[PDB]
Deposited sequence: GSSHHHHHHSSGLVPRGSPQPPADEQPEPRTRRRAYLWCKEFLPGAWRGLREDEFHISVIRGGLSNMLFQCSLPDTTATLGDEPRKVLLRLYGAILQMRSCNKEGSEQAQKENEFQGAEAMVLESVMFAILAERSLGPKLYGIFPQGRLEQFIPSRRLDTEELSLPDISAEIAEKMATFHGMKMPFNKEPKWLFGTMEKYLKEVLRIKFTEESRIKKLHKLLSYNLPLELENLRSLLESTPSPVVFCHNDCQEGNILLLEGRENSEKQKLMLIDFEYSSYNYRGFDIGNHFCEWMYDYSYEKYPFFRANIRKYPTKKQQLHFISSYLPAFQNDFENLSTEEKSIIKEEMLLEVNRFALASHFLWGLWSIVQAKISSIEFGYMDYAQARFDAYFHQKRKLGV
């Protein structure tokens, strides 16, 4: 798929000016660009040298262009992670978007999240991620801050179409402001270390790296850090566990399927946290009685913060049903998370 003429010309000039080597002297007519994703916001494109053009040095043959359609911290964050080799290299940054490394890879599917070697490696990459120092605020205000913010906007929504007004009423019927306070009180008393969290560690943000599909522990990369921040570790792990249940690649409306039965088993959760804990801390040296005590408390911790994943992204999805024009069943998804919230709450 070819972008429209203005984009191709803007893309061309960003590459030509930001990228070194053969890129600097490329003609418009030589420029190769194709759409990875369209839409009004965050369109992605692969830009490329002709195959017949030689590179002069260690410039890339292709790059990813991200057009937008917190900009400071998101940018600084992307730059630091690029420096640290935890994300894609940053080649250019500008008001309209970025030029990034093109990583030959595909995203994991939802079903691959339960594969033990995959899970174990997600565990490890996440632990690593949680261990880094980042020049942002270390006070854990993101979770209930963000939730408070969405609840206020949700409370002020007036829908005009019937099926939407129907859905909003049912969700409103639970007394979300009250339910938020109980949730806050549950987690108030649930210790969780504040660490630098991805906050959206899902299959859509984990790349299965090309070549390394034979590799057991080194075939993955976490990407798309827009929600990242210092936050309770339990949310990051709990949110990941919830993501086993959500498939955002379904092709008919509402364009996701939720399956409560696909939440990891205790056996599965334990397999995750058992990779995470020695990766994060040494831990293999503790007594198996202390290691179980720690593991068991973590399970409760992460399953309790799981509830914040349901509440936050449920609230988020209601806001999106109002302000977003993307083709997704945002209200159906709101209900699904709130269903899962009450189910999980009833399990606990």
Check: deposited residues absent from the model (no CA) fall at 1-24, 94-119, 332, 400-401
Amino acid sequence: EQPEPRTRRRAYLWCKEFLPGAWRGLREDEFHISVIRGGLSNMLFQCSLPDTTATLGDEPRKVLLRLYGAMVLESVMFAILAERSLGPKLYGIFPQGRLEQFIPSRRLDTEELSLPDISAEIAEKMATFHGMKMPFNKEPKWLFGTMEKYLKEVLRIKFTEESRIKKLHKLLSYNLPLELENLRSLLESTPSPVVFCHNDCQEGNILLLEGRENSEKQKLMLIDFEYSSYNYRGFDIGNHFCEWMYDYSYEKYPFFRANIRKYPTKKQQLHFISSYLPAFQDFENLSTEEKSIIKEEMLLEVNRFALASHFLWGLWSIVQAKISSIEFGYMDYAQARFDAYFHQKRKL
From here on, numbers count along this sequence of modelled residues.
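Heads up, when I say rigid core I mean the largest set of C-alphas that superpose within 1.5 Å between the two forms.
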RMS over structures and residues, CA atoms, rigid core fit in 9 other deposited structures of this protein: 214-222 vs 158-166, larger is 158-166
Returned stretch for higher CA RMS in 9 other deposited structures of this protein, core superposition, given 147-155 and 263-271, is 147-155
Determine, for stretches 132-140 and 240-248, which one has the higher mean CA B-factor as deposited. 132-140
160-168 versus 93-101: which one carries the higher mean Cα B factor per the record? 160-168
Among 268, 199, 189, 110, where is the Cα temperature factor highest, going by the PDB entry? 189
Top residue by Cα temperature factor, when 73, 123, 79, 206 are compared in the entry: 73
Considering every modelled residue of the chain and its Cα B-factor in the PDB entry, is residue 106 in the lowest, middle or highest third? middle
Should residue 314 be placed in the lowest, middle or highest third of its chain by the C-alpha B factor in the entry? lowest
Where does residue 46 sit by CA temperature factor within its chain: lowest, middle or highest third? middle
Taking the chain's C-alpha temperature factors as the reference, tell me which third residue 116 falls into: lowest, middle or highest. middle
Just say lowest, middle or highest third for the CA B-factor of residue 282 relative to the other modelled residues in its chain. highest
